[PDB]
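Below you will find one chain, with nothing else, as structure tokens; this is the form deposited in one PDB entry, and questions on how it binds or moves follow later.
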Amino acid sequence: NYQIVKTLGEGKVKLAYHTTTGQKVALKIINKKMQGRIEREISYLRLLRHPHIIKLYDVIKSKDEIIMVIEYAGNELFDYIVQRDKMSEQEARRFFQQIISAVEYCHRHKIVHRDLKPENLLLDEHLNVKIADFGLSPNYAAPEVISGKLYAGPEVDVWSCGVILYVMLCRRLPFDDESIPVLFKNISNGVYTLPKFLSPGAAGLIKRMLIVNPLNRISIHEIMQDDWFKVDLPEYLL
């Protein structure tokens, strides 16, 4: 927060830490040159305070630059998936509970994310998921998000969460194809395989999330009442 340590990449992004609390932080230095989307990020991040949504500690502004002071989470959930073996159901469920809790909180404050993806689901040093963006950082997009028509309600995040769960459990994307037209057709028709190695609870939950007609798609609140979902659910997540 207070004093800078290192430049993490490219305005630029720096690593820093609060000299009182010791908290690790990222400084996103944005130089004035669209603006409404940055403001949307800042506004959303100030409104939503949840253990699995990245914290915004401060926004420092001048005539030339905007500096967002954001809690540091140094890894992506997807590099964790890729770099390790096919993860245990217990491990996947742990992450999934955290994601769903955070999404529920978003929907509660009338925010539909629409952009739940690899780059957006960060992991901190205690392996806690942190939703980090809201839009300003294909296989994960609901059919109605892909096409123009059909309004994209809370249900598009349910679909995305169903893909995320599928990936964690199966170490593959349900709708992926090397061919562009085949991929888009698979998503729009909801064509995929539920592997036989999946527990009945995991498969039953995924099946109800990946439904084309959003009306028949399971809701966030129904998910949170699912038997498989509830196993070892930490009280703080309710």
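By rigid core we mean the largest C-alpha set that fits within 1.5 Å across both forms. Note that residue numbering follows the sequence shown and begins at 1.
- Notably, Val212 is never a gap: all other compared entries of this protein, restricted to those modelling both its neighbours, have coordinates for it, so the one-third criterion is not met.
- Gaps at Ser137 occur in at least a third of the other compared entries of the protein that contain both adjacent residues.
- The entry shows a gap from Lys33 to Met34, with 4 to 9 unmodelled residues of the deposited sequence in between.
- Gap between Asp227 and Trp228: none; every deposited residue in this span has coordinates.
- Judged by mean Cα B factor in the deposited record, 74-82 ranks above the other of 156-164 and 74-82.
- The stretch with the higher mean CA B factor, choosing between 62-70 and 179-187, is 62-70.
- Take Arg46, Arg172, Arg208, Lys196 and read off each C-alpha B-factor from the entry; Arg46 has the highest.
- Annotation for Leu15: C-alpha temperature factor in the highest third relative to the rest of the modelled chain, per the entry.
- Ranked against the other modelled residues of its chain, the C-alpha B-factor of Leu116 as given in the entry falls in the middle third.
- The PDB entry assigns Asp133 a C-alpha temperature factor belonging to the highest third of its chain's modelled residues.
- Sorting the modelled residues of the chain by their CA temperature factor places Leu215 in the middle third.
- For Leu127, the recorded CA temperature factor ranks within the middle third of the chain's modelled residues.
From this point on, the text means the form deposited in another entry, which you will not see here.
- Looking at CA displacements between the shown form and the other one with the core superposed, a shift of 2 Å or more is confined, among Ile54, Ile66, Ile211, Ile206, to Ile66.
- After superposition on the rigid core, the Cα of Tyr44 moves by 2 Å or more between the shown form and the other one.
- When the rigid core is held fixed, the Cα atom of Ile111 travels 2 angstroms or more between the shown form and the other one.
- The two forms, fitted on the rigid core, differ between the shown form and the other one by less than 2 Å at the CA of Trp228.
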